[PDB]
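A single structure is presented below for examination.
By letter and in written order, the chains are A, B, C, D, E, F, G, H, I, J and K; residue numbering begins at 1 in each of them.
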Amino acid sequence: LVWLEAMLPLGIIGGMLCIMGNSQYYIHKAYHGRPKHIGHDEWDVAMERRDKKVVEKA
Amino acid sequence: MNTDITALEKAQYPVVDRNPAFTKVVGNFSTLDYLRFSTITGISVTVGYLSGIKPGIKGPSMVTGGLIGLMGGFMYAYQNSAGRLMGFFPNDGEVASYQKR
Amino acid sequence: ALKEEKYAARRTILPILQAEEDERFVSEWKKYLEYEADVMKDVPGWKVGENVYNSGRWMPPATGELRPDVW
Amino acid sequence: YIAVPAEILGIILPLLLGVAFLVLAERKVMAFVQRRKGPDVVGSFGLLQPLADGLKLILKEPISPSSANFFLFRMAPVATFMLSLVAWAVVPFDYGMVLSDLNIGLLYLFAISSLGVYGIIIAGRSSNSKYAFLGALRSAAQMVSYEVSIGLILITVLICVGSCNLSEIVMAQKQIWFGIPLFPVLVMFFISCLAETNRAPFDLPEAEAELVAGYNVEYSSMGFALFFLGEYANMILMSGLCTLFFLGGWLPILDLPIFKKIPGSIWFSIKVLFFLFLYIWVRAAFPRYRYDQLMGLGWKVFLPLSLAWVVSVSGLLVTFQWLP
Amino acid sequence: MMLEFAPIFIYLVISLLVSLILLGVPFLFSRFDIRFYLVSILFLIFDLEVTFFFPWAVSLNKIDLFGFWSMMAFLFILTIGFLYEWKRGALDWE
Amino acid sequence: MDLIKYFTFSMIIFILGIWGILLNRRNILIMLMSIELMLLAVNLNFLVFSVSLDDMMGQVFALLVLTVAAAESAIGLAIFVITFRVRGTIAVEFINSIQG
Amino acid sequence: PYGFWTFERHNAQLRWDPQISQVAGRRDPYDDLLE
Amino acid sequence: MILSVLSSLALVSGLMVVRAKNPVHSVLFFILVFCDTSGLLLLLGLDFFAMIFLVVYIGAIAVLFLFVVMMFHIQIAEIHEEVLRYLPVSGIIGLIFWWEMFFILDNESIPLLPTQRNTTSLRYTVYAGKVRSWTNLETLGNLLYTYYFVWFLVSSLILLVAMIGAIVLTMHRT
Amino acid sequence: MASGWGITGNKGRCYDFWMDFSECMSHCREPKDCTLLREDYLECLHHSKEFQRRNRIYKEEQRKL
Amino acid sequence: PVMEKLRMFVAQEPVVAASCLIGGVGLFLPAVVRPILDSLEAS
Amino acid sequence: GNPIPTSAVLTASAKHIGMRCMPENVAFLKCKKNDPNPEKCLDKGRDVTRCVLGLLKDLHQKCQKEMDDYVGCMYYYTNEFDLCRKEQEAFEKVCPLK
């Protein structure tokens, strides 16, 4: 069972990677109010720019 | 892919087939076409043999020359056959076989 | 099929978005035309909102920015 | 954009910790294979050994030999370290968890790979040592040689996906992971990653005993540390690409509700950890090639196979109209 | 959209800052080998091959068979070059 | 004023290539690099014009000119290597035998 | 001569471009919405 | 402003390519000029060309230049010359080329002067083009291999000539 | 913009003007008969006259200020 | 007797033989199989 | 009363808008093809707008909770249909496309 000692630095690396993903995911969501959308194209950009007017001017 | 066979200079002979298929042009090969094919291939084999003697590779040089001649002679025969079917070259025999079949 | 679904959805709501944008641009162009008439008043020979194209076919106003859509 | 630095730091700092602990894990797994214990005195289970080595390294006096290339000598490790760090901006850890959703992210990764050679070349030349220069030239040649195979394998994957977006590449593996039909491509990709990171059995800079002085022989203190950290950060990245391209990234092994209970970042981490174990397992298993042997392998074995696999995959997909 | 490149730039600046902090804190307490030219040439050629494959791989679904065969002809020419290099011993380092 | 600014960027690179020819009469390697700077400036011209005109022909040609530039550099440096290997030096005084 | 441009050899684009007028990459954007 | 920063960086880096005493430094400043060009291309929205300039110019061409120059060990005496005497001829040539070519577009492409009025409100948006947009990559790939495939193949012939000529000119087999 | 291929995958901004000018020149034996269409195409390419007119407006605004 | 010459060529150089086979299938499928499928679809 | 016609609402209702306002959409697109001038299509545009707003009001009155849930999900996920299947199914069960 001594070989579990080796599994600790590997588990720490895996946790480091999980932090690198999740921490940046939750900060973007807090700043924008919704999760980051994969594949933001020209249409989505134009929809956001139009939605700004349709919301604020309402 | 959009295509257009239309040539700049119009065919001066009866147009038997505008865009003949590959196998149709090959099957249209005449006695003169085979004579051109054979002459080009034989000359090419001969040049390969003669130029291969000094380096000592007359056989491999013969095969290389024969391949060049085979490709060139087939291309020439195809050129003539397809031009006849398309009306670009005098095509008496093509028209005689077309008016019957 | 997934991409085709999303493109269908975009195609059906296209006309209302374009109509909204057309109304917006027409109102803005009217405002700019009043501004141009005001500023260019007292300048002889001016024609407000003259079409520089001889054919007269409508073109959107040029911006002078090379690639403004990508940013 | 004000919170962008928080995201960048939440990527960079844990990456530097993960690299510190990758060095430890390499020393532990090699030790256990060799019936030894490995670092277990400095901290409980040796877990403070990375901190101790880093602090030791920053407390070491810099040397800075009397060369006419003072600036380039210090800049080369910065260059390689920066290149190793900046590739992670486009790496997706889970659906939506990525800093930059580049539509050209595949070509961007290839470009960073291509830039990686300059740190080694410049370190070798600026050292004013013919041994360092020759070792550097050989390492640079090996890296560019295996970049050709890496790029042709990237083309195979791109043909299957039809998009350079890394998230799209992952999500195209929902039906099946690409490492199942393209298992030989995965094997050749893992080997080409070993040769690109200068790792065993291709680690020429490690072969000092073999009369081969590495490009970083003259470096000390923190410049030497930056070279080492860039190299190890590249190994985690190459394990992440193996995961993204062929093991379906953050996706679960089976599309079942029991497997979808654990999040995608855990799946991605576990696959990355499998590949990092294999990098260490290979170091522990085999001897190393000579320079001429691995160069022959690069040009005569991996270029032809990679090219043939591009042709075969594109032809099969075009024939049956299975293209994306 | 090019919006996604800005985080890469800020990332570069931060990486630079980290590099300088790590590198600076310690400052407080005649033989031409043609085989390298030849490997450079080979790499350049196949670099251009990967470059021309990127648009082809993303465009295969539109170009269909014509595009496939034109790329195959391209590869055939460059592979004849590769076979020439192979037979001439440019791929041998002994 | 966007188009003029991109254009002058490319134009300054082209002029820098010309000056680099003018300023390096003992340094033939820098002359080859000046020619590569001119070629880069031309490629930029094609890409900028392609954007400005909404036309793709400038991008097709930019890619092909890239292929040509790579081929030119490979051959150019090969000739430089054989010139140096024959003479032992790159000094311009050893490459001036042909004259009149 | 008087109007070389008038000759049929010089009007290749006017007869070839209509044949590719429906090809993806050069269509009017509204054509996809109605077809 | 940003274009001014990139132009200034490229101008200094190019001067350093053409004026550095050491040719290794010259090749390195050339890499900086290519990086700056990549930035300009990113501004124009051509991300494929921006990446390819990195991959080909820096990743492959500059590497070849660096390998050759480094192994040549050029001595500064063989290539040194004082350039003060060329200031007049450089001045006349550069001034002619400046006055004539930095302003070649001005008559044809007259700049739009920025006014103290919001002209952004007159940008007309056409949403039909935005339903399924094309990247630079697939827009180029739609043309390279079908409508203009012959030039593609001629470029392959050019590359073949480079490979042949490299082998024939320099190979000395052991 | 005479080829038709736009940089975003649609018909080029100035292709229709080019085609009008070309179709006019294909049968008009005098180039002066198609001058208006030619300058329409070139105006599309560079927006010279549009920008000149807008600069006139801006100049008049600066003069009246 | 070109049948064991192929055998020796496979024995000496298995990577080249495997590359030729893999790429050859990739070329053979669109050249031969694909027109067969297109014809079978026409009828 | 009347929902704000944001991108979330329009996208979530796009299927209904397509099945219901097909003729006004087609007329608008046809006249856009004939003339790109915005002023020369304001009438066909008003017919599209009245169509879509009437249908939107109908959906809110006919099914308020399920449409709210669907629109909320679609806004949260920036109009990605795959992440909103449950709410789409629920919304379609109560307000059929028909």
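Operating definition for what follows: a contact is a pair of C-beta atoms (placed from the backbone, for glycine too) under 8 Å apart; a residue touches a chain by one contact, two chains touch by 3 or more.
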| item | value |
| --- | --- |
| Touch-network distance, chain F to chain K, counted in steps | 2 |
| Chains in simultaneous contact with chain E and chain J | D |
| Most centrally placed chain - per-chain CA mean versus overall CA mean | E |
| Which of E-H and C-E has more C-beta contact pairs | E-H |
| Inter-chain centre distance, chain B versus chain F - centres from mean C-alpha coordinates, in Å | 46 |
| Geometric centre distance via CA averages, chain K-chain I, whole Å | 39 |
| Chain K, residues touching no fewer than two other chains | 5, 29, 32, 36, 38, 79 |
| Residues of chain F engaged with two or more neighbouring chains | 1-3, 6, 48, 51-52, 56, 59, 63, 66-67, 70, 73-74, 77-78, 81, 84 |
| Contacts with 2+ other chains: residues of chain I | 2, 5-10, 12, 47, 51, 57, 61 |
| Interfacial residue positions of chain I with respect to chain G in the complex | 2, 4-6, 9-12, 15, 19, 22-23, 25-31 |
| Contacting residues of chain H [partner chain G, same complex] | 126, 128-129, 131-132, 134, 139, 142-143 |
| Residues of chain K touching chain A in the complex | 4-7, 75-80 |
| Interface residues, chain K side, partner chain C - complex | 5, 10-11, 13-15, 17-18, 21, 24-25, 28-29, 32, 35-39, 41-42, 44-46, 48-49, 52, 79, 81-82 |
| Residue ranges of chain C touching chain F (in the complex, touch as defined) | 64-67 |
